[PDB]
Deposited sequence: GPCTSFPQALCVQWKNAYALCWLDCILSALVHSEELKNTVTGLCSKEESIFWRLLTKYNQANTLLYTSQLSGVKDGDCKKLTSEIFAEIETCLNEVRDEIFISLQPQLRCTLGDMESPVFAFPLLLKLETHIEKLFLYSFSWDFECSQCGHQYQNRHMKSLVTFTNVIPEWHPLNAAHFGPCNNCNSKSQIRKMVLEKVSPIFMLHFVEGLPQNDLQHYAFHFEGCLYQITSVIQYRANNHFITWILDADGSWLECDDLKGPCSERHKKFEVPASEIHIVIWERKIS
């Protein structure tokens, strides 16, 4: 049973990211060196090997990370915030770490009312989906959207993957259509991608991280639940509360 941060100064939007990072195998392999991510994983493991002593070791690196985010994120300690904004700003602090998350794709659009169509290539570490089609899948990553040319609604815009990084993350404003995570596994150009962690958005004001452990069980990292975590036999968050989904390439 792994250790986790305790809630303080409304930092759940940051704790949820920190739990996801320390349980990423690809990240742990890359970091293992005066990196803030090396300091994060070293302090976490130093705390995980051992309650107040654990909290102090975890709070120091959390404070250091928060202060690094503060100029970009423009927040004051105790402010509420979103991991959608915070997660990529954290990654951009070190290009060698950010490269693990940067995937290339293209937004493909074609209006059925008028002829308007485009296909725009982008490169992001975290893309947002809203009003996804019921059949939404990483290999069929489509959502309903308006047309900028004729204002027709319920047209479809589709993400066409072009180059997927070792870590692949997506944000869903209204969650996923369903919560059986095995159906969202996918291969892309020969490599398997499985959901290894999920950030849950509970009550529209609180974030909790879920971690897939080796035995197929799950670990809930709710910072309200103290330093320890909670083991669940299987995944449990309601589909509409699935906020950030983290795919990781399987080696």
What are the missing stretches of the deposited sequence, listed from start to end?
-> 1 to 9, 42 to 46, 65 to 85, 287
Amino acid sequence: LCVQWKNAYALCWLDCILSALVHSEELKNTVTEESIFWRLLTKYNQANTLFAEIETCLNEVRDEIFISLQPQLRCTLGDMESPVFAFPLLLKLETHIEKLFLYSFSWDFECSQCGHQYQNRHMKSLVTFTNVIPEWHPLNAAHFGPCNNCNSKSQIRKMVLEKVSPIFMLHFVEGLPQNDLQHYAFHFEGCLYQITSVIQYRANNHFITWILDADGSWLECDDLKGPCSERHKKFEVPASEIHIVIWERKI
From here on, numbers count along this sequence of modelled residues.
Comparing 233 to 241 with 7 to 15, the higher average Cα temperature factor in the PDB entry belongs to 233 to 241
Higher-B stretch (mean Cα B-factor, as the entry records it), 126 to 134 or 156 to 164 = 156 to 164
Out of 69, 199, 214, 211, which residue has the highest Cα temperature factor in the PDB record?
-> 214
C-alpha B-factor winner, where the candidates are 27, 221, 203, 195 = 27
Sorting the chain's modelled residues by C-alpha B-factor, tell me whether residue 110 ends up in the lowest, middle or highest third.
-> highest
Looking at the entry's B-factor column for C-alpha atoms only, identify whether residue 95 ranks in the lowest, middle or highest third of its chain.
-> highest
Ranked C-alpha temperature factor of residue 101 among modelled chain residues, by third | lowest
Relative to the other modelled residues of the same chain, rank the CA B-factor of residue 74 and answer lowest, middle or highest third.
-> middle
With respect to C-alpha B-factor, does residue 38 fall in the lowest, middle or highest third of the chain as deposited?
-> highest
